[PDB]
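Student:
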Amino acid sequence: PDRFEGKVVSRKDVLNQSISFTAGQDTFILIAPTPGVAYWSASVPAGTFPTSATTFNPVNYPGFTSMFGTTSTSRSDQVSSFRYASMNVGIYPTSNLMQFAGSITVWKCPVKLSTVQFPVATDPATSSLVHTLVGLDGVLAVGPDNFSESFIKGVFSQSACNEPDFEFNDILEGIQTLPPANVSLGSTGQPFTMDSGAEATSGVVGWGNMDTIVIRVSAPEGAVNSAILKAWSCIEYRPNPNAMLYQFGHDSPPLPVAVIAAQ
Amino acid sequence: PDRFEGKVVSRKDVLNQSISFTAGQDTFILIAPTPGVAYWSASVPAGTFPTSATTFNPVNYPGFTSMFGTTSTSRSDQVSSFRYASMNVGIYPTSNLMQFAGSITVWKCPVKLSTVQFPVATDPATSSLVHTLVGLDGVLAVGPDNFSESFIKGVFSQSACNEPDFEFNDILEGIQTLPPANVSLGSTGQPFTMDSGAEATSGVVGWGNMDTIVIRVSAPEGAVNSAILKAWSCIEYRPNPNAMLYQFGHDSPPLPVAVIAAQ
Amino acid sequence: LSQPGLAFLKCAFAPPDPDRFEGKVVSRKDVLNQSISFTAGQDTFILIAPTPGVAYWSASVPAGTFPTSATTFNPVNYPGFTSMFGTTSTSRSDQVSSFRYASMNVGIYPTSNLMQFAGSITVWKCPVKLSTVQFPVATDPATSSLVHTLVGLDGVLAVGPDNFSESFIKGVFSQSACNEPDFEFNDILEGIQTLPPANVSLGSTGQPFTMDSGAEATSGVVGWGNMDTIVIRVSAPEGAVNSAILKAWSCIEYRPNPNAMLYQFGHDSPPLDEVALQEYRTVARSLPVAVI
Amino acid sequence: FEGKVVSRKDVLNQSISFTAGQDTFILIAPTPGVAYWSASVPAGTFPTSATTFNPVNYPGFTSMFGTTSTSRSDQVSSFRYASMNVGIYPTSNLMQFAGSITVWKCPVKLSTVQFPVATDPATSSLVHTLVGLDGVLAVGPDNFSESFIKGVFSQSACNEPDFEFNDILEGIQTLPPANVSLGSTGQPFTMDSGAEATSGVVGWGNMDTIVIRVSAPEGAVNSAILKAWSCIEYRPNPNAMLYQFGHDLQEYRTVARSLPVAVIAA
Amino acid sequence: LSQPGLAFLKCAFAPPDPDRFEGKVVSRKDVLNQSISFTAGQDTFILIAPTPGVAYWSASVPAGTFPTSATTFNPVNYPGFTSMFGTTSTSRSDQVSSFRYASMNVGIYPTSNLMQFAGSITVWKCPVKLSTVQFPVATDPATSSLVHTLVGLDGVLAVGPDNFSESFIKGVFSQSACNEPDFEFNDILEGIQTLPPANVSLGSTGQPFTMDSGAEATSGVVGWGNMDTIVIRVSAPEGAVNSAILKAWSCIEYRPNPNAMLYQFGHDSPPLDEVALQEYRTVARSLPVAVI
Amino acid sequence: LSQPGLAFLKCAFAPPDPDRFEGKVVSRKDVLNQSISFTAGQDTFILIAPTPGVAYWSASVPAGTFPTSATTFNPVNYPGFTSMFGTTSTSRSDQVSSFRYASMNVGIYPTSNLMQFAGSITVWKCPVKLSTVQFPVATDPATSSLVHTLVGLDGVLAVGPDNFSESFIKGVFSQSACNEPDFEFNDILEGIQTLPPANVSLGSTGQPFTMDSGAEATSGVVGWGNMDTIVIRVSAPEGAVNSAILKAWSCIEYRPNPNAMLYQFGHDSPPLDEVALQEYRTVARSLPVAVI
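As given, the protein sequences belong to chains A, A', C, B, C' and C'', one line each in that order. A prime marks a further copy of an entry chain. FYI, the numbering for the first sequence is 85 to 338, 354 to 362, going by the authors' numbering. FYI, the numbering for the second sequence is 85 to 338, 354 to 362, going by the authors' numbering. FYI, the numbering for the third sequence is 59 to 75, 85 to 359, going by the authors' numbering. FYI, the numbering for the fourth sequence is 88 to 335, 344 to 361, going by the authors' numbering. FYI, the numbering for the fifth sequence is 59 to 75, 85 to 359, going by the authors' numbering. FYI, the numbering for the sixth sequence is 59 to 75, 85 to 359, going by the authors' numbering.
Given below as structure tokens:
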């Protein structure tokens with residue numbers, strides 16, 4: 085809640101994902117303030133942090149095509165702006181009691197979007213400006229303020245909102261790759277590649293002023309371990325008048356890091 | 085409790101069912117406001133939602149033939165009307181601690197009875213009207229407001245009553261198949277077939293103004309997993325004078356989605 | 059208990075002795100009279116169903132028994148049926164659209180002499196409701212069907228336990244009530260002159276006996292009210308002369324449709340009298356199954 | 088009740104012209120998805136059995152209800168009205184205006200009827216039945232009768248004692264339905280939706296119907312901007328795209352009783 | 059001027075602003100509304116005849132003229148015709164038997180703009196009465212016959228001298244009265260859908276023009292009241308847009324017949340208010356032919 | 059409500075009828100006037116965007132429709148554009164650096180006669196914001212690019228539901244507000260005479276229509292305010308004369324730069340009036356979409 089009371093649209097972003105990861109891997113999980121793309125993951129060969137060769141893969145939230153279009157110039161056709169209030173992560177294992185081996189680690193990372201520049205020798209030679217997600221460097225090493233537990237219990241947690249009053253950005257259209265197309269990875273300062281993938285299926289529409297919780301699921305070999313993954317997100321939307329979203333609209337009213360999955 | 089105080093009949097619908105499902109399946113469970121038929125299930129090949137080929141199978145509550153007759157024109161021979169107050173589902177595993185693999189998911193679905201029509205070219209050509217259970221479409225995809233946990237702990241939950249004052253329907257006699265006999269599945273708008281089965285053994289007698297809890301028991305292969313299933317239902321009945329039910333009669337007096360099975 | 063409140067109560071409780088809704092409703096004082104005789108060796112049931120236009124009917128079964136499939140028997144009309152329900156089966160919607168019942172109150176006042184009467188008046192309750200039933204029929208191609216049916220009629224096939232069973236000269240007087248807790252509308256049906264309808268066999272619906280109507284312009288059932296059907300048995304054994312003057316006094320709250328001149332007789336429904344709810348929801352069941 | 092429901096302010100905004108020399112009705116009905124209901128007849132006379140009828144949808148009718156006879160189940164389960172209201176605003180100048188606007192209420196409902204069916208083997212059958220459109224067949228005595236140049240504005244209220252969630256019934260194409268004779272039903276006139284991909288009747292609310300009579304005379308250039316909106320509550324299905332947007344007194348009925356039939360739009 | 063007396067007067071004189088008989092009479096407040104348009108170059112007469120069910124009719128004749136034999140034109144109904152007068156020509160007696168008129172009061176309130184209107188409203192009086200006429204017809208054997216006819220219709224063929232003739236935008240408002248000195252019954256006729264009836268030629272009765280009715284169940288004339296027929300002329304010349312909202316408000320004292328539920332809306336007629344006779348028999352003719 | 063507080067309110071709410088920051092801010096009373104005519108058979112939209120220098124613009128689309136890609140249409144200037152924003156595209160920073168909006172308030176006061184007007188004024192809301200969009204372009208070597216784009220313009224392609232739609236003679240009067248809860252700065256952009264910029268195709272940004280500016284020294288967009296863009300539609304059908312006197316009155320709180328003489332007209336911003344926050348954050352949305 086806040087001091088503003090205009091026409092807003094509330095939404096609950098409740099994700100069901102059964103997951104089954106390969107043994108001998110390092111399943112790494114980001115839950116970032118990315119609207120419509122509730123989940124972010126990659127796998128790296130075991131024991132190690134993400135590297136330069138880490139090509140990243142999202143999954144979308146169910147029903148993403150409906151309220152953000154299909155095309156990279158179509159990401160703001162129903163909403164003009166949004167906000168954030170809370171996100172939740174939840175991992176609950178679906179595994180029996182003798183094969184297991186592994187650990188689950190949870191800290192936060194302050195990742196934010198930024199603009200890095202570089203000159204390009206064209207004819208005539210110019211310079212440009214691309215988006216980049218700074219802060220991502222902190223993922224690559226051990227954050228001390230973290231959670232630490234084995235695999236077999238699980239973990240539940242919630243994020244936080246890094247602003248005194250709850251101000252807001254806009255939808256940033258266009259973004260399909262981070263760094264963008266024809267721009268090299270080492271030029272920006274991104275150590276690992278971020279990618280959305282197929283244009284019509286998903287994509288980054290924007291960003292919010294939140295913490296990003298990061299999960300290091302450690303998995304040794306010989307331990308078949310499956311779970312459900314659960315993402316909640318207290319997501320707001322400011323709609324457009326042409327959009328159908330107006331018959332949901334009403335006015336807005338005037354714990355440590357993590358715990359285990361059994362509360 | 086409510087403002088009415090006529091001659092009512094209380095009943096507790098307490099069901100014991102040990103269950104043992106096939107590995108590599110998707111055991112799907114409905115607990116719908118269907119009097120005398122406490123339980124509703126089907127199995128689909130693994131990983132998937134119900135499809136068009138889903139032929140559905142009930143089990144009855146013990147002692148159904150006694151107070152609802154035997155024949156499709158005999159479903160209101162002891163009670164003329166009823167109500168609903170609460171239902172409970174309970175799953176408690178009977179499985180040891182190393183073979184298991186699986187997950188349990190619980191949301192609600194608002195399913196209600198409706199009447200779809202279609203013209204039939206007879207001689208002379210007419211039109212008709214059949215019953216259908218709309219709302220069932222929401223079962224076929226992931227509801228966000230849900231419960232999420234592995235198999236090994238279990239789940240207990242209770243339903244809710246979707247009406248401000250507790251009004252009521254009637255017993256709808258006749259129903260043995262949903263869609264009825266000689267009516268095609270795709271004509272109505274039912275994606276998956278609902279069936280009661282053998283007439284004398286069971287059958288749909290009516291419907292109540294309740295939520296319907298739905299359970300997606302996920303089961304990978306190689307994991308023999310058995311449980312008890314427990315249905316409670318706070319069921320009311322308004323009897324008939326010819327019925328024997330009158331020596332039970334007295335006057336009526338003037354939590355989030357689910358939790359795990361260990362409270 | 060405001061000024062409409064006891065006026066609602068005297069409409070409800072004893073014409074011989085609302086809620087948060089404030090629309091333009093019409094209140095008919097249904098006041099009916101029959102001087103009617105019975106026949107010896109002939110069990111005469113009576114049914115007071117919540118059916119607007121038909122405040123009354125008596126059913127007849129041979130002595131010491133209960134109705135059969137062949138027990139197929141008629142309505143009467145409280146007068147006002149040609150006026151407020153038209154003449155054809157697609158004409159009942161012309162005046163009114165839905166109805167409510169405040170109460171129907173029945174009383175039987177005998178006029179027989181003290182030297183001839185024999186038998187009993189036996190009164191109990193039957194919660195009769197209108198439902199549906201489906202069944203496939205052979206057609207081209209084969210199809211399903213769906214017609215109305217009355218559930219709760221099965222209860223009429225035996226004497227109710229909570230009853231009132233005295234001599235024929237003592238008379239009887241009874242009250243009904245709205246068994247569902249708010250005064251719910253019931254939209255007026257049409258085309259109903261046959262329950263079960265034409266080309267439909269008994270035993271395929273579940274009704275043990277038949278409500279007929281006969282002629283189109285003179286009788287018929289237009290809908291169903293949220294009221295329990297009062298049932299009265301007079302057995303009338305062999306050797307007795309059996310006549311009485313019967314009463315059927317009802318209060319009906321109609322919802323009309325802007326055609327026909329009636330509306331001025333109705334007024335806007337009075338606002339809530341929340342206290343006077345408690346007088347209706349206490350006294351009616353405090354009164355027994357029946358009285359004298 | 089307090090559960091997961093959808094609030095959807097549904098608005099139709101359009102200008103409109105009126106046909107000169109003809110009597111033209113507009114029915115503000117509780118038929119969600121469809122914005123309003125209109126047809127025209129010759130001036131001074133009244134719609135008959137030979138009078139056809141038409142829908143005008145809200146924007147986004149196929150988006151929330153699908154396109155077919157097996158599509159209206161998909162997104163919302165049951166619904167209920169709270170407050171819907173219409174406003175006509177004049178756009179004819181001082182040099183051409185003629186005719187008037189007369190407003191009265193009509194409490195119509197949706198019921199069933201039976202009829203005998205003459206087949207072999209014969210049965211009976213039941214079709215849906217608009218009960219109360221007989222009440223539309225005159226001018227009700229509760230009148231807001233006023234010449235076009237001042238306009239009109241009026242609200243309704245729930246005609247039920249409190250409220251019910253009314254289900255979305257599915258498969259309505261015409262009222263009376265297709266393959267069914269009008270004379271066996273008893274409706275005054277046929278209420279069509281056309282091709283179902285364009286338009287359809289998806290259910291019935293706990294509201295009355297507001298009928299306005301505008302009969303523009305001959306040579307009368309009659310035109311207006313029509314504003315009709317509604318406040319509808321939905322119970323959605325969990326698979327729906329509408330489901331994410333969902334969320335969880345006495346003075347309303349004092350407004351409902353003391354309201355005039357309409358008010359001047361100025 | 060007792061409490062029913064001014065209530066009779068406000069029924070009589072201006073709903074916009085009895086005698087020694089004390090029976091159970093029913094008082095309908097006939098309140099009618101039409102938003103109706105005219106046509107340019109077309110003289111529209113209006114007739115307000117004392118006919119229960121038909122409070123209103125406008126007749127149409129081409130410009131600058133008067134009706135012919137071919138001027139054969141219809142009724143409308145004030146709503147309430149299917150309810151209180153049945154559907155068939157032998158069914159009008161089902162509800163009511165005779166009627167009385169307290170008053171009928173007409174008013175025309177125009178809604179046209181100030182830049183287009185042209186023409187006039189011309190109002191006068193026509194004492195129209197229902198009579199008989201006999202004439203022999205060739206039959207086997209030759210016979211006489213006897214049918215109804217309306218006398219006083221001859222007066223409609225010209226503008227009355229005592230009139231009220233102003234612009235179209237000014238409107239008009241008028242009152243009628245009972246020209247015979249006590250409130251006499253008039254028994255309700257039936258079978259009348261054609262005046263003159265079928266197989267009867269104009270010129271053989273004396274009517275210069277025809278009252279038709281068309282369909283049986285939707286319109287008709289049921290009787291005649293002891294009231295003068297108010298006649299209103301609108302000429303509507305070439306070049307003008309011509310629309311108005313018209314009023315026909317009447318007070319009718321019915322005599323019903325014990326069938327149909329209506330009776331409770333009526334009450335026993337109040338006793339004599341001999342003083343308040345003088346207020347009705349002075350003010351009505353003190354009001355002119357018409358006002359604004 | 060201190061002395062600057064209602065002075066802030068009368069600046070905010072109706073010039074026809085702050086916070087914890089206390090810097091040397093300059094408050095221009097943006098007061099603009101246009102006597103402007105429309106054209107028949109031609110839908111004239113109006114856009115009031117939060118753009119300093121451009122208080123107003125009307126967009127034009129053929130009858131009964133919505134804008135296309137070819138709908139490419141201009142600004143005007145409230146006077147003061149050459150003075151406070153220079154003449155070249157790299158000269159807008161010369162006077163001021165950032166700006167705030169207290170309110171902009173629009174009103175349309177028609178001057179047409181009562182015998183000719185036809186059409187409507189239709190007003191709703193469009194939350195338009197300035198965003199970015201990236202896309203790769205073929206260069207040597209191949210590169211990416213990044214230019215501005217306006218999001219929320221998609222909303223203009225249809226009539227808003229919460230609207231105000233009356234006749235053309237009735238006029239309209241409206242208010243805006245700051246949709247984000249504190250008065251945030253917006254730094255002044257430069258080089259913007261083309262939205263989308265040169266060599267950039269529509270459909271590659273997402274804007275369905277084009278904001279142009281034309282000449283460099285006479286018009287341009289300098290930034291964006293945290294205000295919703297008020298949109299007004301006048302459809303202007305065939306046959307009507309369509310002229311009006313329009314109002315655009317705005318309050319702008321500038322942040323200047325120590326060059327140019329202006330500063331003495333501005334003063335230090337007054338200290339907090341925490342109560343008077345509640346008067347601004349209650350009354351503005353209590354006022355509707357639009358009034359007369």
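Backbone N, C-alpha and C fix where the C-beta goes; we use that ideal spot for every residue, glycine too.
With 9 angstroms as the threshold, decide whether the Cβ of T189 (chain B) is near any Cβ in chain C'.
Tutor: Yes, contact with chain C'.
Student: By Cβ distance below 8 angstroms, which residues in the same chain neighbour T118 (chain C) in space, the five residues on each side in sequence not counted?
Tutor: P142, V288, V289, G290, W291, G292
Student: Measure from the alpha carbon of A116 (chain A') to the alpha carbon of each residue in A':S317, A':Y176, A':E89, then state which is nearest.
Tutor: Ranking A':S317, A':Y176, A':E89 by Cα distance to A116 (chain A') puts A':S317 first.
Student: Would you grab the beta carbon distance between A130 (chain C) and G108 (chain C) for me? Rounded to a whole angstrom, and I think it's under 8 angstroms.
Tutor: 5 angstroms
Student: Which residue from A':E257, A':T206, A':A315 puts its Cα closest to that of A209 (chain C)?
Tutor: The closest CA to that of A209 (chain C), considering only A':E257, A':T206, A':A315, is found on A':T206.
Student: Can you tell which of A:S104, A:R167, A:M278, A:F88 has the C-alpha that lies nearest to the C-alpha of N246 (chain A)?
Tutor: A:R167
Student: Residues of chain C' with a CB under 7 angstroms from the CB of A327 (chain C): which are they?
Tutor: The contacting residues are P146, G147, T149, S150.
Student: Helix, strand or coil for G174 (chain B)? Go by DSSP, reduced to three states.
Tutor: strand
Student: Anything in chain C within Cβ reach of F88 (chain A'), meaning under 8 angstroms, just list it in chain order.
Tutor: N246, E247, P248, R348
Student: On the three-state DSSP scale, how would you describe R87 (chain C'')?
Tutor: coil
Student: Quick one: which chain C' residues come within Cβ less than 7 angstroms of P228 (chain B)?
Tutor: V98
Student: Am I right that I255 (chain A') and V163 (chain A') are in contact with their C-beta atoms under 8 angstroms? What's the rounded C-beta distance?
Tutor: 7 angstroms
Student: Just the chain B side, please: which residues come within less than 8 angstroms of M171 (chain C') by C-beta, in chain order?
Tutor: Per Cβ cutoff of 8 angstroms: no residues; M171 (chain C') is ~16 angstroms from chain B at best.
Student: Note the first and the last residue of the continuous alpha helix (DSSP H) segment covering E346 (chain C').
Tutor: For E346 (chain C'), the uninterrupted alpha helix (DSSP H) run begins and ends at 341–353, by DSSP.
Student: Residues of chain B with CB closer than 9 angstroms to the CB of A225 (chain C''), please, in chain order.
Tutor: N100, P146
Student: Just reading off the alpha helix (DSSP H) that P62 (chain C') is part of, what are its end residues?
Tutor: 61–70
Student: Assuming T149 (chain A') is part of the beta strand (DSSP E), what are its boundary residues?
Tutor: No beta strand (DSSP E) contains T149 (chain A'), which is instead part of the alpha helix (DSSP H) from 149–152.
Student: Hey, does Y168 (chain B) have any beta-carbon neighbour from chain A' nearer than 9 angstroms?
Tutor: no
Student: Could you confirm whether any beta carbon from chain A' is found closer than 9 angstroms to the beta carbon of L197 (chain C)?
Tutor: yes
Student: For the alpha helix (DSSP H) containing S286 (chain A), name the first residue and the last one.
Tutor: From DSSP, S286 (chain A) is part of no alpha helix (DSSP H); its letter is neither H nor E.
Student: Taking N266 (chain C') as the reference, give the member of C':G147, C':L344, C':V214, C':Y145 with the closest Cα.
Tutor: C':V214
Student: Please determine if the stretch 278–285 of chain A' and the stretch 271–284 of chain C are in contact, where contact requires at least 3 C-beta pairs separated by less than 8 angstroms.
Tutor: Touching, no, given that fewer than three Cβ pairs across the two stretches are closer than 8 angstroms.
Student: Taking Cβ-Cβ distances below 7 angstroms as the criterion, which residues of the stretch 330–344 of chain C' are in contact with chain C?
Tutor: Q331, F332
Student: Which residue or residues does DSSP assign as beta-bridge partners of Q331 (chain C'')?
Tutor: According to DSSP, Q331 (chain C'') bridges with nothing at all.
Student: Would you say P194 (chain B) faces chain C, with C-beta separation under 9 angstroms as the test?
Tutor: yes
Student: Give me the chain A' residues within the contact set of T111 (chain A), using Cβ-Cβ distance strictly less than 8 angstroms, ordered along the chain.
Tutor: Result: empty, since nearest Cβ-Cβ is about 17 angstroms, beyond 8 angstroms.
Student: Between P304 (chain B) and chain C', is the shortest Cβ-Cβ distance under 9 angstroms, so that the two count as touching?
Tutor: yes
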